[PDB]
file query-v2.cif (mmCIF, C-alpha atoms and all ligand atoms)
data_upload
loop_
_atom_site.group_PDB
_atom_site.id
_atom_site.type_symbol
_atom_site.label_atom_id
_atom_site.label_comp_id
_atom_site.auth_asym_id
_atom_site.auth_seq_id
_atom_site.Cartn_x
_atom_site.Cartn_y
_atom_site.Cartn_z
ATOM 1 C CA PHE A 1 22.247 5.933 2.223
ATOM 2 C CA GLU A 2 18.875 4.879 3.646
ATOM 3 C CA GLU A 3 16.283 3.325 1.329
ATOM 4 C CA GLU A 4 12.490 3.216 1.609
ATOM 5 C CA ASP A 5 10.969 -0.159 0.706
ATOM 6 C CA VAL A 6 7.185 -0.524 0.404
ATOM 7 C CA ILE A 7 5.790 -3.979 1.170
ATOM 8 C CA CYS A 8 2.143 -4.838 0.516
ATOM 9 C CA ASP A 9 0.217 -5.524 3.730
ATOM 10 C CA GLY A 10 -2.110 -7.910 1.891
ATOM 11 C CA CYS A 11 0.380 -10.314 0.337
ATOM 12 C CA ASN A 12 3.810 -9.293 1.746
ATOM 13 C CA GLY A 13 5.094 -8.775 -1.789
ATOM 14 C CA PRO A 14 6.913 -5.689 -3.031
ATOM 15 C CA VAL A 15 4.734 -2.834 -4.238
ATOM 16 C CA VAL A 16 5.704 -2.380 -7.886
ATOM 17 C CA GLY A 17 3.708 0.145 -9.846
ATOM 18 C CA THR A 18 0.842 1.954 -8.179
ATOM 19 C CA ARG A 19 0.911 2.212 -4.379
ATOM 20 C CA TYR A 20 -2.404 2.277 -2.494
ATOM 21 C CA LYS A 21 -1.598 3.780 0.917
ATOM 22 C CA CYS A 22 -4.192 4.100 3.655
ATOM 23 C CA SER A 23 -4.847 7.680 4.759
ATOM 24 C CA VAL A 24 -6.097 6.579 8.201
ATOM 25 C CA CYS A 25 -3.728 3.847 9.343
ATOM 26 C CA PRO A 26 -0.047 4.537 9.905
ATOM 27 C CA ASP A 27 1.997 2.507 7.474
ATOM 28 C CA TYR A 28 -0.525 0.372 5.553
ATOM 29 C CA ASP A 29 -0.071 -0.125 1.801
ATOM 30 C CA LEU A 30 -1.502 -2.373 -0.896
ATOM 31 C CA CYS A 31 -0.260 -3.442 -4.293
ATOM 32 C CA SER A 32 -2.625 -3.085 -7.230
ATOM 33 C CA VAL A 33 -3.551 -6.781 -7.109
ATOM 34 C CA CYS A 34 -4.557 -6.692 -3.448
ATOM 35 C CA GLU A 35 -6.322 -3.367 -3.996
ATOM 36 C CA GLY A 36 -8.235 -4.945 -6.885
ATOM 37 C CA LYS A 37 -9.313 -7.815 -4.633
ATOM 38 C CA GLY A 38 -10.953 -5.279 -2.327
ATOM 39 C CA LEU A 39 -8.720 -5.380 0.743
ATOM 40 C CA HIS A 40 -9.062 -2.640 3.355
ATOM 41 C CA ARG A 41 -11.761 -0.536 1.716
ATOM 42 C CA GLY A 42 -13.245 0.712 4.990
ATOM 43 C CA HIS A 43 -10.589 3.484 4.930
ATOM 44 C CA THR A 44 -9.898 6.163 2.333
ATOM 45 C CA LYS A 45 -6.662 5.521 0.402
ATOM 46 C CA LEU A 46 -4.180 7.502 -1.697
ATOM 47 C CA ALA A 47 -3.036 5.949 -4.991
ATOM 48 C CA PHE A 48 0.344 7.254 -6.126
ATOM 49 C CA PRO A 49 2.399 6.299 -9.231
HETATM 50 ZN ZN ZN B 1 -0.459 -7.333 -2.441
HETATM 51 ZN ZN ZN B 2 -6.479 1.853 7.154
#
call {"tool": "encode", "arguments": {"input": "query-v2.cif", "output": "structure tokens"}}
result
Amino acid sequence: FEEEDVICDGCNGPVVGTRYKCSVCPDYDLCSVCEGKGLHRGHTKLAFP
């Protein structure tokens, strides 16, 4: 079966916990650490569990 893996665009680490996905870009996500450092805040994001 096919598996979806989310990798953080800031640090290339796996997104464990909350996923901050850009609503503008295709396929841009941040982990909570990179989100907390303020990456990519020129675009609205969705934060899902
Ligand atoms: Zn990260
Ligand atoms: Zn974006």
call {"tool": "atom_distance", "arguments": {"input": "query-v2.cif", "atom1": "CA of residue 21 in chain A", "atom2": "CA of residue 8 in chain A"}}
result
9.4 Å
call {"tool": "closest_atom_pairs", "arguments": {"input": "query-v2.cif", "of": "chain A", "to": "ligand ZN 2 (chain B)", "cutoff": "12 Å", "atoms": "only C-alpha atoms and all ligand atoms", "output": "CSV"}}
result
residue,atom,partner,partner_atom,distance
A:9,CA,B:ZN2,ZN,10.5
A:10,CA,B:ZN2,ZN,11.9
A:20,CA,B:ZN2,ZN,10.5
A:21,CA,B:ZN2,ZN,8.2
A:22,CA,B:ZN2,ZN,4.7
A:23,CA,B:ZN2,ZN,6.5
A:24,CA,B:ZN2,ZN,4.9
A:25,CA,B:ZN2,ZN,4.0
A:26,CA,B:ZN2,ZN,7.5
A:27,CA,B:ZN2,ZN,8.5
A:28,CA,B:ZN2,ZN,6.3
A:29,CA,B:ZN2,ZN,8.6
A:30,CA,B:ZN2,ZN,10.4
A:39,CA,B:ZN2,ZN,9.9
A:40,CA,B:ZN2,ZN,6.4
A:41,CA,B:ZN2,ZN,7.9
A:42,CA,B:ZN2,ZN,7.2
A:43,CA,B:ZN2,ZN,4.9
A:44,CA,B:ZN2,ZN,7.3
A:45,CA,B:ZN2,ZN,7.7
A:46,CA,B:ZN2,ZN,10.7
call {"tool": "residues_around", "arguments": {"input": "query-v2.cif", "residues": "residue 6 in chain A", "least_positions_apart": "3", "cutoff": "9 Å", "atoms": "all atoms listed in the file", "output": "CSV table (one decimal) with C-alpha atoms, in the coordinates of the input"}}
result
chain,number,residue,atom,x,y,z
A,13,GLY,CA,5.1,-8.8,-1.8
A,14,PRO,CA,6.9,-5.7,-3.0
A,15,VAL,CA,4.7,-2.8,-4.2
A,16,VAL,CA,5.7,-2.4,-7.9
A,19,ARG,CA,0.9,2.2,-4.4
A,29,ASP,CA,-0.1,-0.1,1.8
A,30,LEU,CA,-1.5,-2.4,-0.9
call {"tool": "atom_distance", "arguments": {"input": "query-v2.cif", "atom1": "CA of residue 32 in chain A", "atom2": "CA of residue 2 in chain A"}}
result
25.4 Å
call {"tool": "atom_distance", "arguments": {"input": "query-v2.cif", "atom1": "CA of residue 3 in chain A", "atom2": "CA of residue 35 in chain A"}}
result
24.2 Å
call {"tool": "closest_residue", "arguments": {"input": "query-v2.cif", "among": "A:36, A:7, A:17, A:31", "to": "ligand ZN 1 (chain B)", "atoms": "all atoms listed in the file"}}
result
A:31
call {"tool": "closest_residue", "arguments": {"input": "query-v2.cif", "among": "A:18, A:49, A:11, A:37", "to": "ligand ZN 1 (chain B)", "atoms": "all atoms listed in the file"}}
result
A:11
call {"tool": "axis_aligned_box", "arguments": {"input": "query-v2.cif", "around": "range 30-45 of chain A", "padding_each_side": "6 Å", "output": "JSON"}}
result
{"center_x": -6.8, "center_y": -0.8, "center_z": -1.1, "size_x": 25.0, "size_y": 26.0, "size_z": 24.2}
